[PDB]
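Peer 1: Okay, so here is input09.tsv, and as you'll see once you scroll down, it has TSV, C-alpha atoms and all ligand atoms.
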```
chain	number	residue	atom	x	y	z
A	182	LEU	CA	15.32	-12.65	22.55
A	183	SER	CA	13.30	-14.71	20.06
A	184	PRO	CA	10.00	-14.43	21.99
A	185	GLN	CA	10.09	-10.65	21.38
A	186	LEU	CA	10.45	-11.12	17.63
A	187	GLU	CA	7.60	-13.62	17.56
A	188	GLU	CA	5.66	-11.02	19.53
A	189	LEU	CA	6.49	-8.36	16.89
A	190	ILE	CA	5.44	-10.68	14.08
A	191	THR	CA	2.15	-11.21	15.83
A	192	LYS	CA	1.44	-7.51	16.53
A	193	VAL	CA	2.32	-6.21	13.07
A	194	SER	CA	0.31	-9.00	11.48
A	195	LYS	CA	-2.81	-8.29	13.59
A	196	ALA	CA	-2.33	-4.55	13.06
A	197	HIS	CA	-2.47	-5.09	9.31
A	198	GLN	CA	-5.40	-7.53	9.28
A	199	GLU	CA	-7.39	-5.07	11.36
A	200	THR	CA	-6.70	-2.06	9.12
A	201	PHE	CA	-6.77	-4.03	5.87
A	202	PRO	CA	-9.42	-6.73	5.28
A	203	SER	CA	-8.33	-9.59	3.02
A	204	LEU	CA	-9.65	-10.04	-0.51
A	205	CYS	CA	-11.25	-13.39	0.30
A	206	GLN	CA	-13.07	-12.04	3.35
A	207	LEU	CA	-14.55	-9.11	1.43
A	208	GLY	CA	-18.11	-8.55	0.23
A	209	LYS	CA	-17.36	-7.84	-3.43
A	210	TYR	CA	-19.81	-5.75	-5.46
A	211	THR	CA	-19.68	-3.90	-8.78
A	212	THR	CA	-20.78	-0.72	-10.57
A	213	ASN	CA	-21.84	-0.18	-14.17
A	214	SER	CA	-20.12	3.17	-14.52
A	215	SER	CA	-17.87	3.53	-17.57
A	216	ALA	CA	-17.13	-0.21	-17.83
A	217	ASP	CA	-17.47	-0.17	-21.65
A	218	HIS	CA	-14.35	1.68	-22.88
A	219	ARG	CA	-11.64	4.10	-21.73
A	220	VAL	CA	-12.39	7.78	-21.30
A	221	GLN	CA	-10.43	10.65	-19.70
A	222	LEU	CA	-12.31	10.64	-16.39
A	223	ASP	CA	-15.56	9.34	-14.98
A	224	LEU	CA	-16.35	11.80	-12.16
A	225	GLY	CA	-18.80	9.63	-10.26
A	226	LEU	CA	-16.15	6.92	-10.24
A	227	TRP	CA	-13.49	9.40	-9.04
A	228	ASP	CA	-15.67	10.57	-6.14
A	229	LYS	CA	-16.10	7.05	-4.93
A	230	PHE	CA	-12.41	6.36	-5.50
A	231	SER	CA	-11.06	9.39	-3.64
A	232	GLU	CA	-13.51	8.58	-0.85
A	233	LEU	CA	-11.98	5.09	-0.55
A	234	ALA	CA	-8.39	6.34	-0.88
A	235	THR	CA	-8.96	8.77	2.00
A	236	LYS	CA	-10.38	5.95	4.10
A	237	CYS	CA	-7.30	3.86	3.38
A	238	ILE	CA	-4.95	6.67	4.39
A	239	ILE	CA	-6.67	6.76	7.78
A	240	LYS	CA	-6.30	3.00	8.02
A	241	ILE	CA	-2.62	3.33	7.18
A	242	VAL	CA	-2.09	5.91	9.94
A	243	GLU	CA	-4.09	3.62	12.25
A	244	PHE	CA	-1.76	0.70	11.37
A	245	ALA	CA	1.36	2.84	11.81
A	246	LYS	CA	0.26	3.75	15.32
A	247	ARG	CA	0.04	0.04	16.27
A	248	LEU	CA	3.58	-0.70	15.06
A	249	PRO	CA	5.83	-0.95	18.13
A	250	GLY	CA	7.86	2.20	18.64
A	251	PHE	CA	6.25	4.46	16.05
A	252	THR	CA	4.38	6.42	18.74
A	253	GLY	CA	7.63	6.96	20.68
A	254	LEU	CA	9.03	8.80	17.68
A	255	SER	CA	8.60	12.61	17.63
A	256	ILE	CA	5.25	13.68	16.28
A	257	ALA	CA	7.17	15.45	13.50
A	258	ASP	CA	8.85	12.17	12.49
A	259	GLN	CA	5.62	10.26	12.64
A	260	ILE	CA	4.09	12.70	10.17
A	261	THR	CA	7.21	12.75	8.01
A	262	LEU	CA	7.25	8.94	7.73
A	263	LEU	CA	3.56	8.74	6.89
A	264	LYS	CA	3.87	11.57	4.39
A	265	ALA	CA	6.71	9.85	2.55
A	266	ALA	CA	5.45	6.24	2.62
A	267	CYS	CA	1.69	6.58	2.37
A	268	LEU	CA	1.36	6.29	-1.39
A	269	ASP	CA	3.78	3.35	-1.30
A	270	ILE	CA	1.63	1.43	1.15
A	271	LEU	CA	-1.46	2.55	-0.78
A	272	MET	CA	-0.01	1.04	-3.98
A	273	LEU	CA	1.02	-2.19	-2.27
A	274	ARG	CA	-2.45	-2.46	-0.70
A	275	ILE	CA	-4.57	-2.25	-3.84
A	276	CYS	CA	-2.11	-4.57	-5.57
A	277	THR	CA	-2.64	-7.36	-3.04
A	278	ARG	CA	-6.34	-6.98	-4.00
A	279	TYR	CA	-5.81	-8.12	-7.61
A	280	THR	CA	-7.91	-10.98	-8.91
A	281	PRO	CA	-6.05	-12.09	-12.06
A	282	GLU	CA	-8.98	-14.05	-13.58
A	283	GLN	CA	-11.53	-11.23	-13.50
A	284	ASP	CA	-8.72	-8.66	-14.09
A	285	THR	CA	-10.09	-6.44	-11.40
A	286	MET	CA	-8.94	-4.79	-8.19
A	287	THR	CA	-11.07	-4.74	-5.04
A	288	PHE	CA	-11.38	-1.92	-2.53
A	289	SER	CA	-12.11	-2.12	1.20
A	290	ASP	CA	-15.86	-1.64	1.07
A	291	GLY	CA	-15.99	-4.36	-1.57
A	292	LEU	CA	-16.03	-2.17	-4.71
A	293	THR	CA	-14.52	-4.37	-7.42
A	294	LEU	CA	-13.39	-2.34	-10.47
A	295	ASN	CA	-12.31	-3.84	-13.80
A	296	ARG	CA	-9.29	-2.30	-15.55
A	297	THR	CA	-11.38	0.10	-17.61
A	298	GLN	CA	-13.09	1.45	-14.50
A	299	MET	CA	-9.80	1.85	-12.58
A	300	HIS	CA	-8.57	3.89	-15.56
A	301	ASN	CA	-11.71	6.03	-15.66
A	302	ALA	CA	-11.72	6.36	-11.87
A	303	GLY	CA	-8.47	8.32	-12.01
A	304	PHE	CA	-5.61	5.95	-12.80
A	305	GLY	CA	-5.41	7.23	-16.37
A	306	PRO	CA	-2.15	6.42	-18.23
A	307	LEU	CA	-0.80	4.64	-15.12
A	308	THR	CA	-3.54	1.96	-15.02
A	309	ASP	CA	-1.62	-0.66	-16.98
A	310	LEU	CA	1.59	-0.28	-14.95
A	311	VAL	CA	-0.28	-0.62	-11.68
A	312	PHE	CA	-1.92	-3.74	-13.03
A	313	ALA	CA	1.41	-5.11	-14.24
A	314	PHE	CA	2.97	-4.39	-10.87
A	315	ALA	CA	0.18	-6.33	-9.17
A	316	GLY	CA	0.61	-9.13	-11.62
A	317	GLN	CA	4.32	-9.48	-10.96
A	318	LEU	CA	3.55	-9.47	-7.22
A	319	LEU	CA	1.45	-12.64	-7.50
A	320	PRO	CA	4.40	-15.09	-8.02
A	321	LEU	CA	5.73	-14.13	-4.58
A	322	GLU	CA	2.47	-15.50	-3.05
A	323	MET	CA	2.86	-13.28	0.04
A	324	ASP	CA	0.44	-13.51	2.92
A	325	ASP	CA	-1.19	-11.03	5.30
A	326	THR	CA	1.66	-11.03	7.81
A	327	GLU	CA	4.34	-10.64	5.11
A	328	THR	CA	2.45	-7.73	3.50
A	329	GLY	CA	2.08	-6.15	6.93
A	330	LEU	CA	5.78	-6.49	7.79
A	331	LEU	CA	6.76	-5.33	4.29
A	332	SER	CA	4.48	-2.29	4.73
A	333	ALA	CA	6.05	-1.48	8.12
A	334	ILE	CA	9.49	-1.62	6.56
A	335	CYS	CA	8.39	0.85	3.89
A	336	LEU	CA	7.15	3.13	6.65
A	337	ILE	CA	9.87	2.90	9.29
A	338	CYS	CA	12.60	4.24	7.05
A	339	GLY	CA	15.56	6.25	8.29
A	340	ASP	CA	16.59	7.55	4.90
A	341	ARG	CA	13.68	10.00	4.77
A	342	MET	CA	14.33	13.74	4.46
A	343	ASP	CA	13.13	15.80	7.40
A	344	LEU	CA	13.70	13.25	10.11
A	345	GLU	CA	14.80	14.81	13.37
A	346	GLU	CA	15.96	11.46	14.70
A	347	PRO	CA	16.92	9.23	11.73
A	348	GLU	CA	19.11	6.97	13.89
A	349	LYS	CA	16.10	6.01	16.04
A	350	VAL	CA	13.90	5.13	13.09
A	351	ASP	CA	16.67	2.84	11.76
A	352	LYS	CA	16.69	0.92	15.08
A	353	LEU	CA	12.91	0.51	14.90
A	354	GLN	CA	13.23	-0.90	11.42
A	355	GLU	CA	15.93	-3.38	12.43
A	356	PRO	CA	13.59	-5.93	14.11
A	357	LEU	CA	11.06	-5.70	11.26
A	358	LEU	CA	13.76	-6.81	8.83
A	359	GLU	CA	14.77	-9.67	11.19
A	360	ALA	CA	11.11	-10.49	11.75
A	361	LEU	CA	10.36	-10.69	8.03
A	362	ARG	CA	13.34	-12.90	7.21
A	363	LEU	CA	12.56	-15.22	10.15
A	364	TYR	CA	8.92	-15.43	9.04
A	365	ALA	CA	9.42	-15.78	5.27
A	366	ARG	CA	12.03	-18.54	5.59
A	367	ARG	CA	10.05	-20.56	8.13
A	368	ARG	CA	6.83	-20.45	6.10
A	369	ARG	CA	8.68	-21.49	2.98
A	370	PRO	CA	12.22	-22.92	3.50
A	371	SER	CA	12.25	-24.18	-0.10
A	372	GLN	CA	12.51	-20.70	-1.61
A	373	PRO	CA	15.32	-18.73	0.11
A	374	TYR	CA	15.01	-15.92	-2.39
A	375	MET	CA	11.67	-14.69	-1.05
A	376	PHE	CA	13.02	-12.22	1.51
A	377	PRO	CA	15.47	-10.43	-0.87
A	378	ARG	CA	12.70	-10.49	-3.53
A	379	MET	CA	10.41	-8.76	-1.02
A	380	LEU	CA	12.88	-6.05	-0.08
A	381	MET	CA	13.65	-5.38	-3.75
A	382	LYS	CA	9.90	-4.89	-4.23
A	383	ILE	CA	10.16	-1.82	-1.99
A	384	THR	CA	12.19	-0.18	-4.78
A	385	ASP	CA	9.64	-1.15	-7.48
A	386	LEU	CA	6.86	0.06	-5.20
A	387	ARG	CA	8.60	3.38	-4.57
A	388	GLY	CA	8.77	3.81	-8.35
A	389	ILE	CA	5.13	3.09	-9.09
A	390	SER	CA	4.51	5.69	-6.30
A	391	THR	CA	6.48	8.57	-7.82
A	392	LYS	CA	4.59	7.85	-11.04
A	393	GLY	CA	1.36	7.96	-8.96
A	394	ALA	CA	2.29	11.34	-7.50
A	395	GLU	CA	3.09	12.40	-11.04
A	396	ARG	CA	-0.33	11.19	-12.10
A	397	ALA	CA	-1.95	13.22	-9.32
A	398	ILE	CA	-0.45	16.38	-10.85
A	399	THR	CA	-2.34	15.78	-14.11
A	400	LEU	CA	-5.50	14.58	-12.37
A	401	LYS	CA	-5.78	17.89	-10.49
A	402	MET	CA	-6.46	19.58	-13.81
A	403	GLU	CA	-9.01	16.98	-14.93
A	404	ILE	CA	-11.09	17.08	-11.76
A	405	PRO	CA	-13.50	19.93	-10.89
A	406	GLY	CA	-12.69	21.08	-7.39
A	407	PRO	CA	-9.73	20.30	-5.07
A	408	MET	CA	-8.61	16.74	-4.35
A	409	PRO	CA	-9.51	15.55	-0.80
A	410	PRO	CA	-7.43	17.06	2.10
A	411	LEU	CA	-5.83	13.81	3.38
A	412	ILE	CA	-4.90	12.89	-0.16
A	413	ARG	CA	-3.34	16.34	-0.52
A	414	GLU	CA	-1.47	15.94	2.82
A	415	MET	CA	0.09	12.81	1.39
A	416	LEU	CA	1.09	14.38	-1.92
A	417	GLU	CA	2.81	17.29	-0.17
A	418	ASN	CA	6.04	15.30	0.07
B	1	LIG	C1	-2.87	10.17	-5.31
B	1	LIG	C2	-4.16	9.55	-5.87
B	1	LIG	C3	-5.46	10.07	-5.13
B	1	LIG	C4	-4.26	9.94	-7.37
B	1	LIG	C5	-3.32	9.15	-8.33
B	1	LIG	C6	-3.69	7.62	-8.41
B	1	LIG	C7	-5.01	7.44	-9.27
B	1	LIG	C8	-2.55	6.90	-9.22
B	1	LIG	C9	-3.83	7.10	-6.92
B	1	LIG	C10	-3.73	5.71	-6.62
B	1	LIG	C11	-3.85	5.18	-5.31
B	1	LIG	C12	-3.56	3.76	-4.85
B	1	LIG	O1	-2.88	2.98	-5.75
B	1	LIG	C13	-4.88	3.02	-4.43
B	1	LIG	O2	-5.88	2.89	-5.13
B	1	LIG	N1	-4.82	2.56	-3.20
B	1	LIG	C14	-5.85	2.10	-2.50
B	1	LIG	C15	-5.65	0.94	-1.78
B	1	LIG	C16	-6.64	0.40	-1.02
B	1	LIG	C17	-7.87	0.99	-0.97
B	1	LIG	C18	-8.92	0.32	-0.26
B	1	LIG	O3	-8.84	-0.87	0.12
B	1	LIG	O4	-9.98	0.97	-0.15
B	1	LIG	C19	-8.08	2.20	-1.66
B	1	LIG	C20	-7.06	2.76	-2.39
B	1	LIG	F1	-7.16	4.02	-2.85
B	1	LIG	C21	-4.16	6.07	-4.31
B	1	LIG	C22	-4.14	7.44	-4.53
B	1	LIG	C23	-4.02	8.00	-5.80
```
Mind turning this structure into structure tokens?
Ligand SMILES: CC1(C)CCC(C)(C)c2cc([C@H](O)C(=O)Nc3ccc(C(=O)O)cc3F)ccc21

Peer 2:
Amino acid sequence: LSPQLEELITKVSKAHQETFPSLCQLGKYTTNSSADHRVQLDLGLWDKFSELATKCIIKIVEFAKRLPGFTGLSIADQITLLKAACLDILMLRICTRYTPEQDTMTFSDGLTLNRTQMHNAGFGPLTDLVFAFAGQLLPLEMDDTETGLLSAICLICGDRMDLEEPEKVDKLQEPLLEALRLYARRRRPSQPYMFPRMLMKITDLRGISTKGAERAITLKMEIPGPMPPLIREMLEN
């Protein structure tokens, strides 16, 4: 029935808005750490960054638990899905927080870092790609509910590796794909290419993620002391 899809659109949307505050509703603030020029790594900036990344991972898990059906999956699958799609969601999240005019990216507590600071915070040689990915996301003018659905689709993925019940995860994903097409087309009937442009983004996203995992390999050498435990859980993929 249609009322069940509208119900799913509503739940996913609320689940996202509650685990991911919008840019416009955020109390933006700045820091003066290494804003001047690019350096290998500003450690004070990386502590605050890892701290925020860990908080986001928890918010991602929180969001995943509110997605209809996820909890019914085996606990092994739930972990497997999160493990595989966490960086992807993480990348999509910070990218929806791009303010093109100031050329900054805002975090959930309001920390607003300019490109130089993002670089010095840990992004390193991947900074510019991330920023270019966020740029090219702007033209799609997605909203909170579309980002939420898109994020769910990245998560509920049957093609993952150690799934015990891949066939069940595929069925869970089915309505999210219907839900997103129904929603995207209704909001904007004049641009029928939004849905397929959104799905194709999942591929782009997945790519900026493998580069991000790759960047975490290097970073581990540059930082004094082990990377946070939840961040490490995610990278063990
Ligand atoms: C694996 C690890 C720790 C090292 C490699 C790089 C620097 C590439 C990276 C990049 C990201 C991600 O792109 C991001 O910043 N997401 C992000 C999104 C939202 C918030 C928030 O709203 O608070 C915080 C974030 F952290 C996350 C992890 C990592």

Peer 1: Taking a cut-off of 10 Å and counting only C-alpha atoms, can you build a table that, for each residue of range 294-405 of chain A near range 271-290 of chain A, reports the nearest atom pair and how far apart they are in Å (one decimal), sorted by chain then residue number, as a Markdown table?

Peer 2:
```
| residue | atom | partner | partner_atom | distance |
| --- | --- | --- | --- | --- |
| A:294 | CA | A:285 | CA | 5.3 |
| A:295 | CA | A:285 | CA | 4.2 |
| A:296 | CA | A:285 | CA | 5.9 |
| A:297 | CA | A:285 | CA | 9.1 |
| A:298 | CA | A:285 | CA | 9.0 |
| A:299 | CA | A:286 | CA | 8.0 |
| A:311 | CA | A:276 | CA | 7.5 |
| A:312 | CA | A:276 | CA | 7.5 |
| A:313 | CA | A:276 | CA | 9.4 |
| A:314 | CA | A:276 | CA | 7.3 |
| A:315 | CA | A:276 | CA | 4.6 |
| A:316 | CA | A:281 | CA | 7.3 |
| A:317 | CA | A:276 | CA | 9.7 |
| A:318 | CA | A:276 | CA | 7.7 |
| A:319 | CA | A:277 | CA | 8.0 |
| A:322 | CA | A:277 | CA | 9.6 |
| A:323 | CA | A:277 | CA | 8.6 |
| A:324 | CA | A:277 | CA | 9.1 |
| A:325 | CA | A:277 | CA | 9.2 |
| A:328 | CA | A:273 | CA | 8.1 |
| A:329 | CA | A:274 | CA | 9.6 |
| A:331 | CA | A:273 | CA | 9.3 |
| A:332 | CA | A:273 | CA | 7.8 |
| A:382 | CA | A:273 | CA | 9.5 |
| A:383 | CA | A:273 | CA | 9.2 |
| A:386 | CA | A:273 | CA | 6.9 |
| A:387 | CA | A:272 | CA | 8.9 |
| A:389 | CA | A:272 | CA | 7.5 |
| A:390 | CA | A:272 | CA | 6.9 |
| A:393 | CA | A:272 | CA | 8.6 |
```

Peer 1: With a distance cut-off of 12 Å and all atoms listed in the file, select the neighbouring residues of residue 182 in chain A, excluding the residue or stretch itself and same-chain residues fewer than 6 positions from it, and output the selection as a PyMOL selection string.

Peer 2: chain A and resi 188-189+356+359-360

Peer 1: Need the shell around residue 415 in chain A: protein/DNA/RNA residues with any atom at most 8 Å away, counting all atoms listed in the file. Skip same-chain ones fewer than 4 positions apart. Format as a list in words?

Peer 2: residues 263, 264, 265, 267, 268 and 411 of chain A

Peer 1: Which residue is closest to residue 367 in chain A? Choose from A:229, A:354, A:327, A:206 and count only C-alpha atoms.

Peer 2: A:327

Peer 1: Show me, as an MDAnalysis selection string, the residues that have an atom within 8 Å of residue 307 in chain A when counting only C-alpha atoms, minus same-chain residues fewer than 6 positions from it.

Peer 2: chainID A and resid 300 392:393 396

Peer 1: Mind giving me the straight-line distance from CA of residue 242 in chain A to CA of residue 292 in chain A in Å, one decimal?

Peer 2: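 Computing it gives 21.8 Å between the two atoms.
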
Peer 1: Can you work out which one of A:350, A:196, A:190, A:237 has the shortest atom-to-atom distance to ligand LIG 1 (chain B), counting all atoms listed in the file?

Peer 2: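 Among the listed residues, the smallest separation from ligand LIG 1 (chain B) belongs to A:237.
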
Peer 1: For residue 193 in chain A, work out the shell of residues within 9 Å, counting only C-alpha atoms and skipping chain neighbours fewer than 4 positions away, then give it as a list in words.

Peer 2: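 Here the qualifying residues turn out to be residues 188, 189, 197, 198, 244, 247, 248, 249, 326, 329, 330, 333 and 357 of chain A.
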
Peer 1: Could you state the separation of atom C16 of ligand LIG 1 (chain B) and CA of residue 340 in chain A in Å, given to one decimal place?

Peer 2: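 Separating atom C16 of ligand LIG 1 (chain B) from CA of residue 340 in chain A is a distance of 25.0 Å.
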
Peer 1: Can you measure atom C4 of ligand LIG 1 (chain B) to CA of residue 255 in chain A for me? One decimal in Å is fine.

Peer 2: 28.2 Å

Peer 1: If we draw a sphere of 12 Å around (-12.3, 10.9, -18.3), which residues have at least one atom in it when counting only C-alpha atoms? Please report them as a PyMOL selection string.

Peer 2: chain A and resi 214-215+218-227+297-306+399-400+402-405

Peer 1: Enclose range 207-218 of chain A, meaning all of its atoms listed in the file, in a box aligned along x, y and z, pad it by 6 Å on each side, and list the centre and edge lengths in Å to one decimal, as AutoDock Vina command-line options.

Peer 2:
```
--center_x -18.1 --center_y -2.8 --center_z -10.7 --size_x 19.5 --size_y 24.6 --size_z 36.3
```

Peer 1: Nearest to ligand LIG 1 (chain B): which of A:203, A:231, A:384, A:185 is it, counting only C-alpha atoms and all ligand atoms?

Peer 2: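 Ranking A:203, A:231, A:384, A:185 by distance to ligand LIG 1 (chain B), first place goes to A:231.
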
Peer 1: Distance cut-off 12 Å, centre (15.8, 7.7, 10.3) in file coordinates, counting all atoms listed in the file: which residues qualify? Return them as a list in words.

Peer 2: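 Looking at atoms near the point gives residues 251, 254, 255, 258, 259, 261, 262, 334, 335, 336, 337, 338, 339, 340, 341, 342, 343, 344, 345, 346, 347, 348, 349, 350, 351, 352, 353, 354 and 355 of chain A.
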
Peer 1: For ligand LIG 1 (chain B), which of A:371, A:308, A:194, A:418 is the closest residue, counting all atoms listed in the file?

Peer 2: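 Nearest candidate to ligand LIG 1 (chain B) out of A:371, A:308, A:194, A:418: A:308.
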
Peer 1: Using only C-alpha atoms, pick whichever of A:372, A:406, A:256, A:239 has the shortest atom-to-atom distance to residue 320 in chain A.

Peer 2: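 Selected residue with least distance to residue 320 in chain A: A:372.
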
Peer 1: I'd like to know which of A:204, A:245, A:216, A:361 is closest to ligand LIG 1 (chain B), using all atoms listed in the file.

Peer 2: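 Distance minimum relative to ligand LIG 1 (chain B) lands on A:204.
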
Peer 1: Find the spatial neighbours of residue 413 in chain A, counting only C-alpha atoms, within a cut-off of 10 Å - ignore same-chain residues fewer than 6 positions away - and output them as a short mmCIF file (atom, residue, chain, number, x, y, z; two decimals) with C-alpha atoms, in the coordinates of the input.

Peer 2:
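Produced file out28.cif, reproduced below:
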```cif
data_model
loop_
_atom_site.label_atom_id
_atom_site.label_comp_id
_atom_site.auth_asym_id
_atom_site.auth_seq_id
_atom_site.Cartn_x
_atom_site.Cartn_y
_atom_site.Cartn_z
CA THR A 235 -8.96 8.77 2.00
CA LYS A 264 3.87 11.57 4.39
CA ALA A 397 -1.95 13.22 -9.32
CA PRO A 407 -9.73 20.30 -5.07
#
```

Peer 1: Please, can range 250-278 of chain A be completed to N, CA and C atoms and returned as a PDB file, in the coordinates of the input?

Peer 2:
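Output file rebuild-v3.pdb is given in full below:
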```pdb
ATOM      1  N   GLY A 250       6.853   1.162  18.700  1.00  0.00           N
ATOM      2  CA  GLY A 250       7.860   2.200  18.640  1.00  0.00           C
ATOM      3  C   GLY A 250       7.518   3.469  17.906  1.00  0.00           C
ATOM      4  N   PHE A 251       6.670   3.347  16.893  1.00  0.00           N
ATOM      5  CA  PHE A 251       6.250   4.460  16.050  1.00  0.00           C
ATOM      6  C   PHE A 251       5.769   5.662  16.898  1.00  0.00           C
ATOM      7  N   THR A 252       4.913   5.378  17.875  1.00  0.00           N
ATOM      8  CA  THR A 252       4.380   6.420  18.740  1.00  0.00           C
ATOM      9  C   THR A 252       5.444   7.107  19.612  1.00  0.00           C
ATOM     10  N   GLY A 253       6.553   6.407  19.870  1.00  0.00           N
ATOM     11  CA  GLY A 253       7.630   6.960  20.680  1.00  0.00           C
ATOM     12  C   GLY A 253       8.482   7.954  19.906  1.00  0.00           C
ATOM     13  N   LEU A 254       8.341   7.908  18.594  1.00  0.00           N
ATOM     14  CA  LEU A 254       9.030   8.800  17.680  1.00  0.00           C
ATOM     15  C   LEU A 254       8.431  10.223  17.852  1.00  0.00           C
ATOM     16  N   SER A 255       9.166  11.268  17.474  1.00  0.00           N
ATOM     17  CA  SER A 255       8.600  12.610  17.630  1.00  0.00           C
ATOM     18  C   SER A 255       7.393  12.696  16.711  1.00  0.00           C
ATOM     19  N   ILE A 256       6.449  13.544  17.074  1.00  0.00           N
ATOM     20  CA  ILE A 256       5.250  13.680  16.280  1.00  0.00           C
ATOM     21  C   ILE A 256       5.609  14.225  14.888  1.00  0.00           C
ATOM     22  N   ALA A 257       6.741  14.914  14.781  1.00  0.00           N
ATOM     23  CA  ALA A 257       7.170  15.450  13.500  1.00  0.00           C
ATOM     24  C   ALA A 257       7.645  14.311  12.601  1.00  0.00           C
ATOM     25  N   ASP A 258       8.343  13.347  13.205  1.00  0.00           N
ATOM     26  CA  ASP A 258       8.850  12.170  12.490  1.00  0.00           C
ATOM     27  C   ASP A 258       7.718  11.290  12.058  1.00  0.00           C
ATOM     28  N   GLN A 259       6.766  11.089  12.953  1.00  0.00           N
ATOM     29  CA  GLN A 259       5.620  10.260  12.640  1.00  0.00           C
ATOM     30  C   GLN A 259       4.926  10.784  11.391  1.00  0.00           C
ATOM     31  N   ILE A 260       4.757  12.095  11.315  1.00  0.00           N
ATOM     32  CA  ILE A 260       4.090  12.700  10.170  1.00  0.00           C
ATOM     33  C   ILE A 260       4.950  12.547   8.930  1.00  0.00           C
ATOM     34  N   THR A 261       6.239  12.826   9.091  1.00  0.00           N
ATOM     35  CA  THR A 261       7.210  12.750   8.010  1.00  0.00           C
ATOM     36  C   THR A 261       7.270  11.353   7.377  1.00  0.00           C
ATOM     37  N   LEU A 262       7.216  10.323   8.213  1.00  0.00           N
ATOM     38  CA  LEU A 262       7.250   8.940   7.730  1.00  0.00           C
ATOM     39  C   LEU A 262       5.981   8.614   6.962  1.00  0.00           C
ATOM     40  N   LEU A 263       4.836   9.004   7.522  1.00  0.00           N
ATOM     41  CA  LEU A 263       3.560   8.740   6.890  1.00  0.00           C
ATOM     42  C   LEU A 263       3.498   9.460   5.558  1.00  0.00           C
ATOM     43  N   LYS A 264       3.860  10.734   5.576  1.00  0.00           N
ATOM     44  CA  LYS A 264       3.870  11.570   4.390  1.00  0.00           C
ATOM     45  C   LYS A 264       4.626  10.910   3.253  1.00  0.00           C
ATOM     46  N   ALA A 265       5.845  10.481   3.549  1.00  0.00           N
ATOM     47  CA  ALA A 265       6.710   9.850   2.550  1.00  0.00           C
ATOM     48  C   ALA A 265       6.341   8.447   2.086  1.00  0.00           C
ATOM     49  N   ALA A 266       5.750   7.638   2.961  1.00  0.00           N
ATOM     50  CA  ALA A 266       5.450   6.240   2.620  1.00  0.00           C
ATOM     51  C   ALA A 266       3.992   5.871   2.418  1.00  0.00           C
ATOM     52  N   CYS A 267       3.109   6.853   2.507  1.00  0.00           N
ATOM     53  CA  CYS A 267       1.690   6.580   2.370  1.00  0.00           C
ATOM     54  C   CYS A 267       1.268   6.083   1.007  1.00  0.00           C
ATOM     55  N   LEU A 268       1.744   6.733  -0.052  1.00  0.00           N
ATOM     56  CA  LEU A 268       1.360   6.290  -1.390  1.00  0.00           C
ATOM     57  C   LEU A 268       1.936   4.894  -1.645  1.00  0.00           C
ATOM     58  N   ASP A 269       3.144   4.647  -1.134  1.00  0.00           N
ATOM     59  CA  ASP A 269       3.780   3.350  -1.300  1.00  0.00           C
ATOM     60  C   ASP A 269       2.913   2.254  -0.731  1.00  0.00           C
ATOM     61  N   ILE A 270       2.460   2.428   0.499  1.00  0.00           N
ATOM     62  CA  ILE A 270       1.630   1.430   1.150  1.00  0.00           C
ATOM     63  C   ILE A 270       0.305   1.296   0.395  1.00  0.00           C
ATOM     64  N   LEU A 271      -0.206   2.449  -0.034  1.00  0.00           N
ATOM     65  CA  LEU A 271      -1.460   2.550  -0.780  1.00  0.00           C
ATOM     66  C   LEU A 271      -1.385   1.697  -2.045  1.00  0.00           C
ATOM     67  N   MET A 272      -0.257   1.794  -2.754  1.00  0.00           N
ATOM     68  CA  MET A 272      -0.010   1.040  -3.980  1.00  0.00           C
ATOM     69  C   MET A 272       0.132  -0.461  -3.690  1.00  0.00           C
ATOM     70  N   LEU A 273       0.845  -0.796  -2.620  1.00  0.00           N
ATOM     71  CA  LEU A 273       1.020  -2.190  -2.270  1.00  0.00           C
ATOM     72  C   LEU A 273      -0.308  -2.791  -1.844  1.00  0.00           C
ATOM     73  N   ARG A 274      -1.141  -1.998  -1.166  1.00  0.00           N
ATOM     74  CA  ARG A 274      -2.450  -2.460  -0.700  1.00  0.00           C
ATOM     75  C   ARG A 274      -3.413  -2.857  -1.801  1.00  0.00           C
ATOM     76  N   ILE A 275      -3.649  -1.959  -2.751  1.00  0.00           N
ATOM     77  CA  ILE A 275      -4.570  -2.250  -3.840  1.00  0.00           C
ATOM     78  C   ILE A 275      -4.009  -3.375  -4.729  1.00  0.00           C
ATOM     79  N   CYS A 276      -2.687  -3.516  -4.761  1.00  0.00           N
ATOM     80  CA  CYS A 276      -2.110  -4.570  -5.570  1.00  0.00           C
ATOM     81  C   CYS A 276      -2.292  -5.960  -4.972  1.00  0.00           C
ATOM     82  N   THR A 277      -2.408  -6.056  -3.655  1.00  0.00           N
ATOM     83  CA  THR A 277      -2.640  -7.360  -3.040  1.00  0.00           C
ATOM     84  C   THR A 277      -4.119  -7.731  -3.200  1.00  0.00           C
ATOM     85  N   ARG A 278      -4.899  -6.805  -3.766  1.00  0.00           N
ATOM     86  CA  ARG A 278      -6.340  -6.980  -4.000  1.00  0.00           C
ATOM     87  C   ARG A 278      -6.667  -7.303  -5.469  1.00  0.00           C
TER      88      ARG A 278
END
```
